[PDB]
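Report on one structure; see the data block that follows.
Chain A is the first sequence line, chain B the second, and so forth, proteins listed ahead of strands; every chain is numbered from 1.
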Amino acid sequence: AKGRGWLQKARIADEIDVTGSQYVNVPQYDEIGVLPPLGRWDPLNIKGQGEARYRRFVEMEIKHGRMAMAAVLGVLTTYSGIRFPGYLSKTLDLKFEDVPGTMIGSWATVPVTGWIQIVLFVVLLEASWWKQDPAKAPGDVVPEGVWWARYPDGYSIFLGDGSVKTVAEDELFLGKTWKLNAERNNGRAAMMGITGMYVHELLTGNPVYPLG
Amino acid sequence: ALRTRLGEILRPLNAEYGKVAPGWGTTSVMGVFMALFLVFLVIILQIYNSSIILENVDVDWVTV
Amino acid sequence: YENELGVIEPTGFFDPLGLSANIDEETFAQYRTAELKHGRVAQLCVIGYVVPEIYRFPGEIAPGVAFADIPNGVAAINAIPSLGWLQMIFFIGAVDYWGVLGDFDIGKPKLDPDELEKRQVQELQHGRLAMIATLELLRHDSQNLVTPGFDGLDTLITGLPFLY
Amino acid sequence: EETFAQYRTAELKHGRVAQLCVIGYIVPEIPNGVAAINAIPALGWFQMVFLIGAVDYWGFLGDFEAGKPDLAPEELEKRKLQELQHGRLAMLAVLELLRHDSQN
Amino acid sequence: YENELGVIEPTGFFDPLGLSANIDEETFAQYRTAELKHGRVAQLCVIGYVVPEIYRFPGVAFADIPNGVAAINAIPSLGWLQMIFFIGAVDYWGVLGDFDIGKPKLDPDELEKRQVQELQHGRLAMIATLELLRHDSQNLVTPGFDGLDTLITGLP
Amino acid sequence: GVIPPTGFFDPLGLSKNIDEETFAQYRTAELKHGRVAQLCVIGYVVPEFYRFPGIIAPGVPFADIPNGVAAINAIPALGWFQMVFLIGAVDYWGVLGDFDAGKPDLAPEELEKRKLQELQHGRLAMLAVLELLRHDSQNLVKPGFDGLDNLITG
Amino acid sequence: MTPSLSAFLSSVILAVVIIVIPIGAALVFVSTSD
Amino acid sequence: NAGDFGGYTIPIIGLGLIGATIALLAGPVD
Ligand code: CLA
Ligand code: CLA
Ligand code: CLA
Ligand code: KC1
């Protein structure tokens, strides 16, 4: 017995016009990353360098933005003083609290054997596990069955009464295109953010130099 | 009518005029939140009124 | 068995070890009966770990041992006399096998087939969550019995400080 | 018919466990007896009863063909009645053994 | 793969996880060569724990090295190295030396019986090797972990 | 493997009696020996200026290890077993040496040209290693056999 | 739970079960009847 | 008090950002 029969009865009916008739649905932002303010901002015309060369740049922006988002959150956490409990290296007597939260301070104090384990995990992810499929969408490197939050078109959300709403890809804050765009834009902003935090640290020792 | 850069940007946000959920919709959920809000407003009124005396909160001027 | 009860939204059909691909129907019916009963006991175990912190039973469980001197948690196993534990297993085992004073039709309601079935998945999901919670309760309680203050949390029910 | 099947199996198992009970009451002295049932912790009984129930319900370590000789159909029928006779006798010895403990 | 060697009455095609399910014939032969070889060393490891007690071999002394897991520290690591490749000479290439050439007898009704008994004795020794390694390694870092003698049998 | 400096170099008659089906086995034996020697050359140069920060075994730091053949006996044997077996998993199973990114799609003309100096770079690396551990063995036993007493002559 | 808080909770419960629910049930009954 | 929370940096960057976006959106379409 399939356990999904209650979903259709809990599903909210399709939205109509106030008069009673069916609603008429009635633009230039089709690709993820093409947003209202600038549209398609391509000063170097990388899209004109070939479809293979443009597919490379989409995955390249997605990957660069994903590491930069994690890098920005890492510095903001460690420079604030938040640390894991315990030891980073019991052999080297390296507690988490002893390591500086600054970018250059944490880069030097973390042992190179410890840094190798981070790099090898990225190498293992890049070369075997999370490999980009040419048929799959750019940035979709997590395979099936690895428990990833997915937002397919028409996925279910639930209200207070138990009613079920299906979320299209064009829905605000909940569609796939919104979350795909927000990943790209936060990746773009963190890309400029992480290099700005690097140079402000190089000049003043403070990654967020005006603040603090 | 005039088409502007910001007007084209904000156009989908004003494109769903007259669209409704058929029937009663989510009115039952709304009534529950209204009822919970009414009970909550009575609680903070009666706390201020000292009609509800809590465990160790005192409706009086506090220090620091 | 992707089209049976227990398939739910966050994971779908959950079989990473493949313990149901090469099994028959009689194994799956036993597996679901095991899962339902493991969940029902674990649901009562989470309740049974919290209620004695609030209310105890007036009286004496044994002529020598009263209901309040028994410590809550796994320490109640040794504090309760052993012969009292043996008859408790056979009471709830009679209900387990036969259904003595545990098979009334007052319980089983006349629900909509979709409503009753939805409640069955809700029964499994609460039981699946309670089994995970039962592991944390037993891990924290038994390790605290071996070494008081092993993890730092010196209360039996760590997540409910209003009980203490 | 269905009811008699459960009555036959229960009367058989009651006689069988009584057979191990009397010999299991002899080897310990040559904590003992029902007074010893409280000294051994109930965590031990939790492990022991469920291990007993594993072979009782499923047949974990109690369904091996080595303890199931073919024999003969006529040879089986004679000792089949003998299982009940030694079964009913070993039962009645257990109650008297339980009666010997100080009780009204 | 139920019609293979090793399917014996006490359990009978154990496979709870299903690691043998939906694998080709080459991987099962790979698993069988692994199961056999794991059992063979495990059968040689258990007796290899007993014979240094009574018999000792004649720039390190061959009578001062302890029989436990402390043995690997006493022998120089370079000394351990050409021995490992010596086992590898008979493992990969199969040039034996230890058994010279060796022509095994093949009795038709005894072949499947003796082959199964090789696995089942090896399967038990694999379980037994875990007990021997557990007691020995735990007692080195903590002498007196509910037992002092390396071998539980008391004839030593 | 035939290079313009010489010809079909085989002085001791090791390619006439030996058949051509097992001849591939000597090729992988030659290629892997040269590959091992190639990492041994830079594995002998690098630990002079840089060492790993921690310890390798309890009580055995990375710093106080001789770079030479004395490093074998310095590291305990059980530590060597884990290293040798992990290498052998890559050597036999190809656990961490089968990734498709290390197999670049090269057109034929540069493809077998890229095999020619691969074994040739490894070829001189065998003899370069053969001198390297010779000087290391001829100095670990007694100090001062040759006029120079450095592991790397450069 | 102070006596004033318990009195408030009792008042809410009493309002629901003496005023709201009986009047609603009576309204439903007389609306389905008439 | 001056220099706290970045000093004049965030008001200058914020006002410059608002002015730049208004100028970017000021032109007519197509
Ligand atoms: C012992 C209780 C038990 C049993 C018998 C089952 C059995 C079943 N589950 Mg299930 N479940 C449980 C508890 C259980 N579950 C718990 C605690 C969770 C939360 C993680 C789930 C979450 C879950 C989901 C989301 C789904 C199932 C489904 C199923 C069915 C098919 C999958 C299968 O092959 O299971 C066979 C498994 C067994 C017979 C037991 C395996 C025991 C493993 C090997 C123990 C592993 C150790 C564990 C981590 C604890 C170690 C603690 C350590 C410190 C001692 C089957 C009826 C699916 C469904 O219901 O059917 C369509 C499904 O979609 N389960
Ligand atoms: C005499 C008492 C009695 C009887 C007649 C039954 C009747 C039955 N039950 Mg219940 N049951 C009992 C006691 C009983 N039960 C108790 C005290 C509980 C807990 C409140 C349960 C809860 C329960 C569950 C959760 C399940 C049953 C199942 C079963 C069936 C198989 C039981 C079996 O032999 O598995 C023998 C099982 C084992 C030997 C494996 C379990 C071993 C556990 C871990 C031992 C724990 C010992 C102790 C806590 C110490 C732990 C630490 C130690 C392990 C280191 C059978 C119809 C099962 C079923 O119906 O479908 C499969 C099922 O899943 N019963
Ligand atoms: C390295 C040991 C090893 C290997 C490669 C095999 C391989 C095989 N065994 Mg076999 N076995 C072993 C050891 C092994 N066995 C031991 C020790 C026992 C005693 C319990 C058995 C008992 C057994 C039976 C009864 C049967 C098999 C069968 C098989 C075959 C199919 C089952 C399978 O998929 O296995 C795959 C095995 C592996 C991939 C390796 C298992 C290791 C897992 C992944 C981890 C287990 C860890 C373990 C609990 C130890 C933890 C130690 C830790 C606490 C320190 C296959 C040829 C069947 C048969 O012979 O032919 C059809 C069969 O009926 N085995
Ligand atoms: C236990 C771990 C282990 C296994 C299981 C294993 C297996 C094989 N090794 Mg490897 N090996 C090491 C360890 C292991 N090896 C280590 C630590 C080193 C660096 C010192 C090393 C280096 C070489 C060189 C130079 C050659 C070589 C080869 C083979 C090949 C043939 C077996 C043989 O000839 O013995 C089989 C697959 C040769 C070859 O392929 O020739 C045909 C070859 O020339 N190896």
Side-chain angles (χ1 to χ4, degrees), chain A residues 31-47 49 53-84 88 96 99-112 114-123 125-127 130 132 138-141 179-212, chain H residues 3-21 23-24:
Chain A
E31 176 162 322
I32 297 304
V34 176
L35 269 310
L38 308 179
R40 184 173 300 278
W41 184 247
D42 207 334
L44 297 180
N45 200 21
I46 305 298
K47 210 190 170 28
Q49 301 197 341
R53 261 289 286 203
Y54 184 64
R55 169 67 185 260
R56 193 189 150 79
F57 268 72
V58 175
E59 305 154 346
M60 209 150 60
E61 185 180 52
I62 282 162
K63 189 155 305 167
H64 270 81
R66 271 165 185 179
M67 323 186 69
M69 278 189 276
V72 159
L73 195 58
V75 186
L76 289 188
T77 291
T78 59
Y79 190 60
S80 66
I82 302 169
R83 299 282 197 281
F84 290 135
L88 178 70
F96 288 111
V99 186
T102 69
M103 299 174 42
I104 305 302
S106 52
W107 167 80
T109 319
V110 163
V112 192
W115 269 120
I116 277 153
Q117 279 160 78
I118 320 190
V119 167
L120 292 189
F121 185 68
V122 178
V123 169
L125 278 194
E126 270 281 272
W130 289 4
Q132 180 67 62
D140 196 357
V141 301
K179 280 153 187 321
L180 275 166
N181 273 326
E183 178 183 71
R184 198 82 63 101
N185 273 157
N186 279 263
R188 282 158 184 177
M191 266 189 287
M192 293 297 342
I194 192 57
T195 175
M197 288 159 78
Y198 177 54
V199 296
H200 283 203
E201 170 152 14
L202 278 176
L203 294 164
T204 67
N206 193 349
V208 283
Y209 158 70
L211 318 174
Chain H
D4 299 6
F5 312 110
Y8 311 94
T9 323
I10 300 165
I12 274 157
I13 293 286
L15 285 211
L17 215 54
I18 285 186
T21 50
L24 153 78

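Residues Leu24(H) and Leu38(A) form a side-chain contact, since some pair of their non-hydrogen atoms from C-beta on lies under 4.5 Å apart. Side chains of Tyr198(A) and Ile104(A) form a contact here, defined as non-hydrogen atoms less than 4.5 Å apart. Between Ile10(H) and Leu211(A), some side-chain heavy-atom pair lies under the 4.5 Å cut-off. Contact check for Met197(A) versus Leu76(A): side-chain heavy atoms found under the 4.5 Å cut-off. Contact check for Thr109(A) versus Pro100(A): side-chain heavy atoms found under the 4.5 Å cut-off. A 4.5 Å side-chain heavy-atom check between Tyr79(A) and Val208(A) finds at least one atom pair inside the cut-off. When side chains are defined from C-beta on, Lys47(A) does not count as touching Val58(A), because their heavy atoms never get closer than 4.5 Å.
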For this session: Would you check, one step at a time, whether the test side chain to side chain contact (heavy atoms under 4.5 Å, CB included) holds for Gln132(A) with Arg55(A)?
Result: CA-CA 11 Å; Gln132(A) 180 67 62; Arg55(A) 169 67 185 260; 3.6 Å; yes

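Taking each heavy atom of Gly205(A) and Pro207(A) in turn, the nearest pair found is O-CD, 3.8 Å. Summarising the geometry of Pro138(A) relative to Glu59(A), their closest heavy-atom pair is CB-CG, 3.7 Å, with the distance given to 0.1 Å. Heavy atoms only, all atoms of each residue included: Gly33(A) and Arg184(A) are closest at CA-CG, 4.2 Å. Summarising the geometry of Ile194(A) relative to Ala68(A), their closest heavy-atom pair is CG2-CB, 3.8 Å, with the distance given to 0.1 Å. The minimum heavy-atom distance linking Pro111(A) with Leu88(A) is given by the pair CD-CD2, 4.1 Å. Contact between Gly105(A) and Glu201(A) at its shortest, heavy atoms only, is N-OE2, 4.4 Å.
The structure places CD of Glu183(A) at 6.5 Å from CD1 of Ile62(A), a figure rounded to the nearest 0.5 Å. Taking NE2 of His64(A) as the reference point, atom CE of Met60(A) lies at 7.0 Å (rounded to 0.5 Å). Note that CD1 of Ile32(A) and CD of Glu61(A) are 11.5 Å apart. Values are rounded to the nearest 0.5 Å. Distance CG/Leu35(A) to CZ/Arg40(A): 11.5 Å, rounded to 0.5 Å. Between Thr77(A) atom OG1 and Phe84(A) atom CZ the span is 8.5 Å, to the nearest 0.5 Å. Taking OG1 of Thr78(A) as the start and CG of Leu73(A) as the end, the distance is 9.5 Å to the nearest 0.5 Å.
Qualifying side-chain contact (heavy atoms from CB on, under 4.5 Å) partners for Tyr8(H), counting only residues two or more places apart in sequence or in other chains: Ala2(H), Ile12(H).
For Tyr209(A), the OH atom sits in a loose shell: 12 or fewer heavy atoms of surrounding residues, nucleotides or ligands are nearer than 6.0 Å. More than 12 heavy atoms of other residues, nucleotides or ligands shown are found within 6.0 angstrom of CZ on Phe96(A). The 12-atom threshold is not exceeded at CH2 of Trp107(A), counting heavy atoms of other residues, nucleotides or ligands nearer than 6.0 Å.
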